[PDB]
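So this one's final.cif, mmCIF, C-alpha atoms:
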data_entry
#
loop_
_atom_site.label_atom_id
_atom_site.label_comp_id
_atom_site.auth_asym_id
_atom_site.auth_seq_id
_atom_site.Cartn_x
_atom_site.Cartn_y
_atom_site.Cartn_z
CA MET A 14 13.10 9.00 8.77
CA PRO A 15 14.59 11.66 6.49
CA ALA A 16 15.33 11.35 2.77
CA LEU A 17 17.69 13.46 0.63
CA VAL A 18 17.33 13.33 -3.18
CA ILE A 19 20.11 14.97 -5.20
CA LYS A 20 20.31 15.74 -8.91
CA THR A 21 23.38 17.33 -10.44
CA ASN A 22 24.99 17.90 -13.81
CA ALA A 23 28.44 17.27 -12.42
CA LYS A 24 29.98 13.92 -13.32
CA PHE A 25 31.20 11.95 -10.31
CA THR A 26 33.23 8.79 -10.17
CA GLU A 27 31.88 5.79 -8.31
CA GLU A 28 34.31 6.53 -5.50
CA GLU A 29 33.23 10.16 -5.41
CA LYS A 30 29.52 9.23 -5.39
CA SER A 31 29.95 6.67 -2.62
CA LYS A 32 31.88 9.10 -0.42
CA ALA A 33 29.38 11.88 -1.17
CA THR A 34 26.27 10.00 -0.03
CA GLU A 35 28.13 9.06 3.16
CA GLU A 36 29.19 12.63 3.95
CA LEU A 37 25.90 14.23 2.94
CA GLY A 38 23.97 11.59 4.87
CA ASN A 39 26.03 12.25 7.98
CA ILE A 40 25.32 15.96 7.61
CA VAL A 41 21.58 15.30 7.54
CA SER A 42 21.82 13.12 10.64
CA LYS A 43 23.68 15.78 12.65
CA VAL A 44 21.47 18.76 11.72
CA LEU A 45 18.13 16.92 11.93
CA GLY A 46 18.79 15.09 15.20
CA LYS A 47 18.08 11.63 13.79
CA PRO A 48 20.39 8.57 13.93
CA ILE A 49 22.20 7.65 10.73
CA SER A 50 20.08 4.50 10.57
CA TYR A 51 17.02 6.44 9.43
CA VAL A 52 18.77 8.41 6.65
CA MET A 53 18.17 7.67 2.97
CA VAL A 54 20.32 9.51 0.41
CA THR A 55 19.88 9.50 -3.40
CA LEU A 56 22.42 10.93 -5.85
CA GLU A 57 21.84 11.11 -9.61
CA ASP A 58 24.82 12.65 -11.43
CA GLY A 59 25.30 13.67 -15.05
CA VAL A 60 21.73 14.92 -15.50
CA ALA A 61 21.09 17.88 -17.79
CA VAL A 62 20.55 20.90 -15.48
CA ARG A 63 19.85 24.51 -16.43
CA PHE A 64 19.66 27.06 -13.59
CA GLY A 65 19.32 30.77 -14.26
CA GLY A 66 19.67 30.10 -17.98
CA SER A 67 23.12 28.50 -17.46
CA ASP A 68 24.17 24.84 -17.66
CA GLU A 69 27.13 25.50 -15.36
CA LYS A 70 27.76 23.06 -12.49
CA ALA A 71 24.65 23.05 -10.29
CA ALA A 72 22.74 20.87 -7.85
CA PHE A 73 19.04 20.40 -7.01
CA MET A 74 17.98 18.89 -3.68
CA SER A 75 14.78 17.80 -1.96
CA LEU A 76 14.63 16.92 1.74
CA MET A 77 11.70 14.84 3.03
CA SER A 78 11.34 14.14 6.75
CA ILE A 79 8.58 12.73 8.93
CA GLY A 80 7.91 15.98 10.78
CA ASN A 83 10.42 23.37 10.74
CA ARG A 84 11.58 26.86 9.63
CA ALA A 85 14.47 26.96 12.10
CA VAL A 86 15.91 23.60 11.09
CA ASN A 87 15.50 24.30 7.37
CA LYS A 88 17.82 27.31 7.60
CA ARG A 89 20.38 25.20 9.43
CA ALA A 90 19.96 22.36 6.94
CA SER A 91 20.34 24.72 3.97
CA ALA A 92 23.66 26.04 5.25
CA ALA A 93 25.23 22.69 6.11
CA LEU A 94 24.32 20.99 2.82
CA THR A 95 25.51 23.94 0.73
CA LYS A 96 28.88 23.93 2.51
CA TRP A 97 29.61 20.42 1.26
CA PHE A 98 29.03 21.48 -2.35
CA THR A 99 31.04 24.73 -2.08
CA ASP A 100 33.88 22.65 -0.63
CA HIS A 101 33.68 20.33 -3.67
CA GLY A 102 33.95 22.72 -6.56
CA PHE A 103 30.41 24.18 -6.56
CA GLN A 104 29.27 27.78 -6.30
CA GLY A 105 26.76 28.45 -3.53
CA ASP A 106 24.38 30.34 -5.83
CA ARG A 107 23.99 27.21 -7.97
CA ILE A 108 22.70 25.09 -5.09
CA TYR A 109 18.93 24.62 -4.75
CA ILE A 110 17.04 22.96 -1.88
CA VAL A 111 13.32 22.22 -1.45
CA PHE A 112 11.84 21.03 1.85
CA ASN A 113 8.83 18.69 1.90
CA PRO A 114 7.89 17.36 5.35
CA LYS A 115 5.61 14.33 5.37
CA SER A 116 3.31 12.37 7.68
CA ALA A 117 3.73 8.91 9.18
CA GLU A 118 0.81 7.24 7.34
CA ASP A 119 2.28 8.52 4.04
CA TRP A 120 5.57 6.68 4.63
CA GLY A 121 6.48 3.03 3.98
CA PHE A 122 9.29 0.77 5.20
CA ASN A 123 9.70 -3.04 5.46
CA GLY A 124 6.26 -3.52 3.89
CA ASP A 125 4.43 -1.42 6.50
CA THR A 126 3.59 2.21 7.30
CA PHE A 127 3.91 4.07 10.62
CA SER B 13 -6.89 10.30 -11.92
CA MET B 14 -3.99 8.09 -12.98
CA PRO B 15 -1.48 7.36 -10.19
CA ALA B 16 2.26 7.56 -10.67
CA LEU B 17 5.07 5.46 -9.21
CA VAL B 18 8.60 6.85 -9.25
CA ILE B 19 11.37 4.39 -8.41
CA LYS B 20 15.05 5.04 -7.81
CA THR B 21 17.46 2.21 -7.03
CA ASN B 22 21.20 1.43 -6.93
CA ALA B 23 20.66 -2.06 -8.33
CA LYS B 24 21.71 -2.65 -11.93
CA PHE B 25 18.98 -4.01 -14.23
CA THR B 26 19.19 -5.19 -17.81
CA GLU B 27 16.92 -3.58 -20.37
CA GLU B 28 14.65 -6.63 -20.39
CA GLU B 29 14.59 -6.68 -16.58
CA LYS B 30 13.60 -3.00 -16.50
CA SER B 31 10.85 -3.71 -19.04
CA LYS B 32 9.36 -6.52 -16.93
CA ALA B 33 9.61 -4.41 -13.77
CA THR B 34 7.60 -1.44 -15.01
CA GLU B 35 4.85 -3.79 -16.21
CA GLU B 36 4.73 -5.77 -12.96
CA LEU B 37 5.04 -2.82 -10.60
CA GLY B 38 2.46 -0.91 -12.65
CA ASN B 39 0.02 -3.82 -12.52
CA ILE B 40 0.43 -4.00 -8.74
CA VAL B 41 -0.42 -0.31 -8.30
CA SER B 42 -3.47 -0.66 -10.50
CA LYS B 43 -4.84 -3.65 -8.60
CA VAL B 44 -4.35 -2.23 -5.10
CA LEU B 45 -5.63 1.23 -5.99
CA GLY B 46 -8.74 0.02 -7.85
CA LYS B 47 -7.61 1.63 -11.08
CA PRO B 48 -7.43 -0.13 -14.47
CA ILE B 49 -4.27 -2.01 -15.26
CA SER B 50 -3.35 0.32 -18.09
CA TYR B 51 -4.00 3.53 -16.17
CA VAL B 52 -0.70 3.92 -14.35
CA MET B 53 2.56 5.83 -14.92
CA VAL B 54 5.77 4.12 -13.73
CA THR B 55 9.32 5.53 -13.67
CA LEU B 56 12.39 3.39 -12.92
CA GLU B 57 15.88 4.79 -12.55
CA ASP B 58 18.57 2.17 -11.93
CA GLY B 59 22.25 2.59 -11.19
CA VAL B 60 21.79 5.63 -8.96
CA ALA B 61 24.08 6.07 -5.98
CA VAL B 62 22.01 5.14 -2.92
CA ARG B 63 22.98 5.09 0.76
CA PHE B 64 20.34 3.90 3.27
CA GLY B 65 21.19 3.42 6.93
CA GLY B 66 24.86 4.14 6.22
CA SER B 67 25.14 1.28 3.71
CA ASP B 68 25.20 1.52 -0.10
CA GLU B 69 23.92 -2.06 -0.30
CA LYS B 70 21.02 -2.76 -2.65
CA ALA B 71 18.12 -0.45 -1.77
CA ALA B 72 15.12 1.21 -3.39
CA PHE B 73 13.32 4.54 -2.89
CA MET B 74 9.79 4.92 -4.20
CA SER B 75 7.19 7.66 -4.39
CA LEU B 76 3.53 6.92 -5.16
CA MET B 77 1.43 9.92 -6.17
CA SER B 78 -2.31 9.63 -6.60
CA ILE B 79 -5.03 12.29 -6.81
CA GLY B 80 -6.79 11.16 -3.64
CA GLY B 81 -7.15 7.43 -3.12
CA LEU B 82 -4.28 7.14 -0.60
CA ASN B 83 -5.85 6.61 2.81
CA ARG B 84 -4.00 4.77 5.58
CA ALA B 85 -5.62 1.41 4.72
CA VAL B 86 -4.73 1.46 1.02
CA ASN B 87 -1.16 2.65 1.75
CA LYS B 88 -0.47 -0.42 3.89
CA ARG B 89 -1.69 -2.74 1.13
CA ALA B 90 0.33 -0.93 -1.53
CA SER B 91 3.44 -0.88 0.67
CA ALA B 92 3.14 -4.62 1.22
CA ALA B 93 2.50 -5.54 -2.40
CA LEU B 94 5.28 -3.34 -3.76
CA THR B 95 7.74 -4.59 -1.15
CA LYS B 96 6.82 -8.15 -2.10
CA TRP B 97 7.86 -7.44 -5.68
CA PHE B 98 11.26 -6.22 -4.48
CA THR B 99 11.88 -9.03 -1.96
CA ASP B 100 11.04 -11.48 -4.76
CA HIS B 101 13.75 -9.83 -6.91
CA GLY B 102 16.78 -9.93 -4.60
CA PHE B 103 15.99 -7.00 -2.29
CA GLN B 104 15.70 -6.95 1.49
CA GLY B 105 12.43 -5.54 2.80
CA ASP B 106 14.24 -3.27 5.26
CA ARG B 107 16.08 -1.60 2.35
CA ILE B 108 12.83 -0.53 0.64
CA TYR B 109 11.50 2.98 1.14
CA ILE B 110 8.07 4.20 0.04
CA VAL B 111 6.53 7.68 0.26
CA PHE B 112 2.87 8.46 -0.44
CA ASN B 113 2.01 11.91 -1.80
CA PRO B 114 -1.77 12.52 -2.05
CA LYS B 115 -2.48 15.51 -4.34
CA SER B 116 -5.31 17.80 -5.64
CA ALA B 117 -7.29 17.64 -8.94
CA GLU B 118 -6.33 21.13 -10.10
CA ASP B 119 -2.69 20.18 -9.33
CA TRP B 120 -2.57 17.31 -11.85
CA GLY B 121 -2.20 17.57 -15.63
CA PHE B 122 -2.83 15.29 -18.60
CA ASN B 123 -3.22 16.00 -22.33
CA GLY B 124 -2.53 19.66 -21.64
CA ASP B 125 -5.32 20.03 -19.09
CA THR B 126 -5.92 19.77 -15.35
CA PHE B 127 -8.87 18.04 -13.66
CA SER C 13 9.95 32.59 -5.84
CA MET C 14 12.06 30.24 -7.89
CA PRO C 15 10.27 27.65 -10.06
CA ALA C 16 11.60 24.15 -10.59
CA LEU C 17 10.87 21.71 -13.42
CA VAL C 18 11.93 18.06 -13.08
CA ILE C 19 11.63 15.87 -16.17
CA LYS C 20 12.01 12.12 -16.55
CA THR C 21 11.64 10.49 -19.94
CA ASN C 22 12.52 7.27 -21.70
CA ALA C 23 13.49 9.03 -24.93
CA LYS C 24 17.18 9.16 -25.72
CA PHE C 25 18.62 12.63 -26.33
CA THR C 26 22.03 13.69 -27.51
CA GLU C 27 23.80 16.11 -25.20
CA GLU C 28 22.95 18.97 -27.57
CA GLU C 29 19.25 18.07 -27.56
CA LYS C 30 19.17 18.04 -23.76
CA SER C 31 21.00 21.38 -23.67
CA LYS C 32 18.54 22.95 -26.10
CA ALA C 33 15.64 21.35 -24.21
CA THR C 34 16.44 22.75 -20.78
CA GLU C 35 16.68 26.22 -22.37
CA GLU C 36 13.39 25.94 -24.27
CA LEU C 37 11.44 24.27 -21.48
CA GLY C 38 12.82 26.72 -18.91
CA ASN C 39 11.74 29.66 -21.07
CA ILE C 40 8.26 28.17 -21.23
CA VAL C 41 8.14 27.99 -17.41
CA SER C 42 9.36 31.56 -17.17
CA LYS C 43 6.70 32.59 -19.71
CA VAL C 44 3.74 30.78 -18.13
CA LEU C 45 4.69 31.57 -14.56
CA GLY C 46 5.60 35.22 -15.22
CA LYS C 47 9.00 34.92 -13.60
CA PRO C 48 12.44 35.93 -14.99
CA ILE C 49 14.72 33.17 -16.29
CA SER C 50 17.19 33.94 -13.52
CA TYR C 51 15.03 32.24 -10.89
CA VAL C 52 14.15 29.14 -13.04
CA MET C 53 15.66 25.65 -12.46
CA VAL C 54 15.18 22.77 -14.98
CA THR C 55 16.42 19.14 -14.61
CA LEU C 56 16.12 16.57 -17.42
CA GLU C 57 16.83 12.84 -17.00
CA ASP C 58 16.53 10.82 -20.21
CA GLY C 59 16.80 7.07 -20.79
CA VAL C 60 14.82 6.11 -17.67
CA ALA C 61 12.55 3.08 -17.89
CA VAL C 62 9.03 4.50 -18.32
CA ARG C 63 5.76 2.64 -18.74
CA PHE C 64 2.60 4.73 -19.19
CA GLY C 65 -0.69 3.09 -20.07
CA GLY C 66 0.94 -0.33 -20.27
CA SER C 67 3.29 0.86 -23.07
CA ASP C 68 6.99 1.72 -22.88
CA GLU C 69 6.62 3.98 -25.87
CA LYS C 70 8.08 7.49 -25.67
CA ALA C 71 6.56 9.25 -22.66
CA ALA C 72 7.47 12.00 -20.20
CA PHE C 73 6.81 12.67 -16.49
CA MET C 74 7.05 16.20 -15.11
CA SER C 75 6.86 17.92 -11.75
CA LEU C 76 6.62 21.71 -11.54
CA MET C 77 7.30 23.28 -8.12
CA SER C 78 6.69 26.98 -7.47
CA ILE C 79 6.48 28.96 -4.24
CA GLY C 80 2.79 29.64 -4.52
CA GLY C 81 1.82 31.15 -7.83
CA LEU C 82 -0.04 28.01 -8.94
CA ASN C 83 -3.81 28.29 -9.29
CA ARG C 84 -5.71 26.00 -11.64
CA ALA C 85 -5.79 28.92 -14.11
CA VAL C 86 -2.00 28.83 -14.51
CA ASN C 87 -1.82 25.05 -14.26
CA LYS C 88 -3.81 24.64 -17.49
CA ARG C 89 -1.72 27.16 -19.41
CA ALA C 90 1.47 25.52 -18.10
CA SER C 91 0.17 22.05 -18.90
CA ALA C 92 -0.70 23.14 -22.44
CA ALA C 93 2.51 25.05 -23.10
CA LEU C 94 4.73 22.30 -21.70
CA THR C 95 2.84 19.62 -23.64
CA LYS C 96 3.21 21.61 -26.86
CA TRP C 97 7.00 21.42 -26.56
CA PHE C 98 6.81 17.67 -26.30
CA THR C 99 4.30 17.16 -29.14
CA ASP C 100 6.58 19.37 -31.26
CA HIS C 101 9.60 17.18 -30.37
CA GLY C 102 8.38 13.72 -31.30
CA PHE C 103 6.12 12.92 -28.33
CA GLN C 104 2.41 12.04 -28.25
CA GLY C 105 0.36 14.45 -26.13
CA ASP C 106 -1.54 11.71 -24.30
CA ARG C 107 1.81 10.31 -23.14
CA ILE C 108 2.71 13.50 -21.23
CA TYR C 109 2.07 13.54 -17.46
CA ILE C 110 2.47 16.65 -15.31
CA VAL C 111 2.35 17.19 -11.55
CA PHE C 112 2.06 20.64 -10.01
CA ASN C 113 3.43 20.90 -6.48
CA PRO C 114 3.31 24.34 -4.87
CA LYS C 115 5.38 24.59 -1.70
CA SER C 116 5.43 27.19 1.09
CA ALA C 117 8.02 29.88 1.70
CA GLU C 118 9.44 28.16 4.79
CA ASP C 119 9.78 24.99 2.68
CA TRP C 120 12.09 26.44 0.02
CA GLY C 121 15.86 26.92 0.21
CA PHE C 122 18.60 28.72 -1.71
CA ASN C 123 22.09 29.95 -0.80
CA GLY C 124 21.71 28.46 2.69
CA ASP C 125 18.49 30.31 3.62
CA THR C 126 14.74 29.83 3.31
CA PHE C 127 12.04 32.29 2.25
#
Show how you would write the structure in this file as structure tokens.
Amino acid sequence: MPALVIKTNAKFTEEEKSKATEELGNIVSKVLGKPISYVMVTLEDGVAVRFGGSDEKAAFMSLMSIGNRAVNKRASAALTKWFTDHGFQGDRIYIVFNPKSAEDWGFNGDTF
Amino acid sequence: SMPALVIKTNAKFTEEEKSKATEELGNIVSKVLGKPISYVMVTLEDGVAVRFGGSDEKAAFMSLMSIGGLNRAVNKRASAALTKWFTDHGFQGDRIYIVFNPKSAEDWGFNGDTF
Amino acid sequence: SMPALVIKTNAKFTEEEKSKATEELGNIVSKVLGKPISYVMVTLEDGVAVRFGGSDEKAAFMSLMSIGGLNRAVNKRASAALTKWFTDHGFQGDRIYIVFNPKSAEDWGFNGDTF
């Protein structure tokens, strides 16, 4: 099951945040080959961000999935496109990939 | 060697409710991990936009980091005890997400020094 | 080789204090890590419920991610330099908790591409 954690200094409305987690979650499902059921998306807006010395609009992202280099390039491009289509500049978008193991994952009070 | 629990959720808590939660969740981590009750760092972020399984219904994402001390047996006990806290406080156990991140001694800092 | 610093704290900052803080803390990361400020990313979330050592007194949790470039030798200088900022800005040094998490080149993304 993949997880996407997003921090940004942009301010979103509740409607914008709800739509965003839906669209970004659907992007993760398509690129990663998992059903939408397994996708967890977290969005924290209005956090103080400084990237390259500037506090201009920016976004930081971490993607955790239970089990590569090929997919990460594809994931990087698809997630960035959403932000560039919503007022962001592609050089202010930052993604970190952290794949994890089954025993290090919990759900419904049990591991895998 | 103090473990850390980082919690993000879309539920809305009052200030008193957040205060009780960090104490209770922290005490749970300490008991299961065999660490003293005090020696535990807990972070709780409420009111964050969360979507799990397509739904933005009440959900919680958690990361538990400990320098070692996270084998498969302990993780199952911690997952169960933490989930019990959430199911006892209005959550559904299938909306609770836990990640375990074992780490190294040189990769952990406290009081300006690593271990 | 861009570094990333993620900060959670229960202290309350004005917008100006947060703005000064991301600049000062970022410059520290650039200094300790030997990288230019152009490649440095800093995120600061204040007013999060934090309990460290049983107390909800002012405390801070930090994660520092760098593509390699993190031996224990740097980790101690980074831990000390980062802690000094907090002890100089109203925090107690034994309430400051830092995680170092080096990641691999294939595990890092920017501008739609990995390294």
Inset, instruction - Fewer than 4 positions away in the same chain doesn't count, so skip those; otherwise give me all residues within 9 Å of residue 121 of chain C, counting all atoms listed in the file, as a count of residues only. - result: 12
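The spacing separating atom CA of residue 16 of chain A from atom CA of residue 82 of chain C amounts to 25.5 Å.
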Spatial neighbours of residue 14 of chain A, max dist 7 Å, only C-alpha atoms, sep filter under 2 positions, as an mmCIF file with C-alpha atoms, in the frame of the given file:
data_model
loop_
_atom_site.group_PDB
_atom_site.id
_atom_site.type_symbol
_atom_site.label_atom_id
_atom_site.label_comp_id
_atom_site.auth_asym_id
_atom_site.auth_seq_id
_atom_site.Cartn_x
_atom_site.Cartn_y
_atom_site.Cartn_z
ATOM 1 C CA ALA A 16 15.330 11.350 2.770
ATOM 2 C CA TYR A 51 17.020 6.440 9.430
ATOM 3 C CA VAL A 52 18.770 8.410 6.650
ATOM 4 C CA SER A 78 11.340 14.140 6.750
ATOM 5 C CA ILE A 79 8.580 12.730 8.930
#
Legend entry - Test item: the PyMOL selection byres ((chain C) within 9 of (chain A)) resolved as number ranges by chain: C: 27, 30-31, 34-35, 38-39, 48-58, 115-116, 118-126
May I have the selected residues written with C-alpha atoms, as an mmCIF file, in the frame of the given file?
data_model
loop_
_atom_site.group_PDB
_atom_site.id
_atom_site.type_symbol
_atom_site.label_atom_id
_atom_site.label_comp_id
_atom_site.auth_asym_id
_atom_site.auth_seq_id
_atom_site.Cartn_x
_atom_site.Cartn_y
_atom_site.Cartn_z
ATOM 1 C CA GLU C 27 23.800 16.110 -25.200
ATOM 2 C CA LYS C 30 19.170 18.040 -23.760
ATOM 3 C CA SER C 31 21.000 21.380 -23.670
ATOM 4 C CA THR C 34 16.440 22.750 -20.780
ATOM 5 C CA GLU C 35 16.680 26.220 -22.370
ATOM 6 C CA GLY C 38 12.820 26.720 -18.910
ATOM 7 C CA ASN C 39 11.740 29.660 -21.070
ATOM 8 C CA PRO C 48 12.440 35.930 -14.990
ATOM 9 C CA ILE C 49 14.720 33.170 -16.290
ATOM 10 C CA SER C 50 17.190 33.940 -13.520
ATOM 11 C CA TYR C 51 15.030 32.240 -10.890
ATOM 12 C CA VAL C 52 14.150 29.140 -13.040
ATOM 13 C CA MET C 53 15.660 25.650 -12.460
ATOM 14 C CA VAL C 54 15.180 22.770 -14.980
ATOM 15 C CA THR C 55 16.420 19.140 -14.610
ATOM 16 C CA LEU C 56 16.120 16.570 -17.420
ATOM 17 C CA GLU C 57 16.830 12.840 -17.000
ATOM 18 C CA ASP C 58 16.530 10.820 -20.210
ATOM 19 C CA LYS C 115 5.380 24.590 -1.700
ATOM 20 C CA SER C 116 5.430 27.190 1.090
ATOM 21 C CA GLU C 118 9.440 28.160 4.790
ATOM 22 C CA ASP C 119 9.780 24.990 2.680
ATOM 23 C CA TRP C 120 12.090 26.440 0.020
ATOM 24 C CA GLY C 121 15.860 26.920 0.210
ATOM 25 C CA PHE C 122 18.600 28.720 -1.710
ATOM 26 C CA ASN C 123 22.090 29.950 -0.800
ATOM 27 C CA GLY C 124 21.710 28.460 2.690
ATOM 28 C CA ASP C 125 18.490 30.310 3.620
ATOM 29 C CA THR C 126 14.740 29.830 3.310
#
Legend entry - Selected residue, from C:26, C:67, C:78, C:83, that lies nearest to residue 14 of chain C when counting only C-alpha atoms: C:78
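Those residues returned by the PyMOL selection byres ((chain C and resi 17) around 6) for this file are residues 16, 18, 54, 75 and 76 of chain C.
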Inset, instruction - Apply the PyMOL selection byres ((chain C) within 12 of (chain B)) to the displayed file and report the matching residues as a ChimeraX atom specification. - result: /C:19-22,57-69,71-78,80-99,103-115
Inset, instruction - Rounded to one decimal place, report the atom CA of residue 44 of chain B-atom CA of residue 15 of chain B distance in Å. - result: 11.2 Å
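Here atom CA of residue 70 of chain C stands at a distance of 16.6 Å from atom CA of residue 32 of chain B.
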Taking the partial coordinates given, rebuild segment 59-73 of chain C to contain N, CA, C and O atoms; return it as a short mmCIF file (atom, residue, chain, number, x, y, z; two decimals), in the frame of the given file.
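The result, written out as rebuild-v6.cif:
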data_model
loop_
_atom_site.label_atom_id
_atom_site.label_comp_id
_atom_site.auth_asym_id
_atom_site.auth_seq_id
_atom_site.Cartn_x
_atom_site.Cartn_y
_atom_site.Cartn_z
N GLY C 59 16.44 8.48 -20.87
CA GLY C 59 16.80 7.07 -20.79
C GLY C 59 16.44 6.40 -19.47
O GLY C 59 17.18 5.51 -19.00
N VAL C 60 15.32 6.78 -18.87
CA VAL C 60 14.82 6.11 -17.67
C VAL C 60 13.68 5.20 -18.10
O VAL C 60 12.96 5.50 -19.07
N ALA C 61 13.60 4.02 -17.50
CA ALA C 61 12.55 3.08 -17.89
C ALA C 61 11.20 3.66 -17.50
O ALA C 61 10.97 3.97 -16.33
N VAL C 62 10.36 3.91 -18.50
CA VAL C 62 9.03 4.50 -18.32
C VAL C 62 7.99 3.59 -18.95
O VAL C 62 8.16 3.09 -20.07
N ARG C 63 6.91 3.39 -18.20
CA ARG C 63 5.76 2.64 -18.74
C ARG C 63 4.52 3.47 -18.38
O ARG C 63 4.29 3.71 -17.19
N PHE C 64 3.81 3.95 -19.39
CA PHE C 64 2.60 4.73 -19.19
C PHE C 64 1.47 4.12 -20.01
O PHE C 64 1.62 3.88 -21.22
N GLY C 65 0.36 3.79 -19.36
CA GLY C 65 -0.69 3.09 -20.07
C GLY C 65 -0.27 1.74 -20.61
O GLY C 65 -0.66 1.37 -21.73
N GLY C 66 0.50 0.98 -19.84
CA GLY C 66 0.94 -0.33 -20.27
C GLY C 66 2.05 -0.35 -21.31
O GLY C 66 2.66 -1.41 -21.52
N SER C 67 2.32 0.78 -21.97
CA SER C 67 3.29 0.86 -23.07
C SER C 67 4.58 1.54 -22.63
O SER C 67 4.54 2.54 -21.91
N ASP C 68 5.71 1.06 -23.13
CA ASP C 68 6.99 1.72 -22.88
C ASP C 68 7.39 2.58 -24.07
O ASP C 68 8.57 2.86 -24.29
N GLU C 69 6.40 3.02 -24.83
CA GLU C 69 6.62 3.98 -25.87
C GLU C 69 7.03 5.32 -25.26
O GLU C 69 6.83 5.57 -24.07
N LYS C 70 7.65 6.16 -26.08
CA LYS C 70 8.08 7.49 -25.67
C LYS C 70 7.02 8.18 -24.82
O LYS C 70 5.85 8.23 -25.19
N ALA C 71 7.44 8.64 -23.64
CA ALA C 71 6.56 9.25 -22.66
C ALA C 71 7.41 10.17 -21.79
O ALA C 71 8.64 10.07 -21.79
N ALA C 72 6.76 11.07 -21.06
CA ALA C 72 7.47 12.00 -20.20
C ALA C 72 6.66 12.29 -18.94
O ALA C 72 5.43 12.38 -19.00
N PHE C 73 7.37 12.34 -17.80
CA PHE C 73 6.81 12.67 -16.49
C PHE C 73 7.44 13.97 -16.00
O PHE C 73 8.66 14.13 -16.06
#
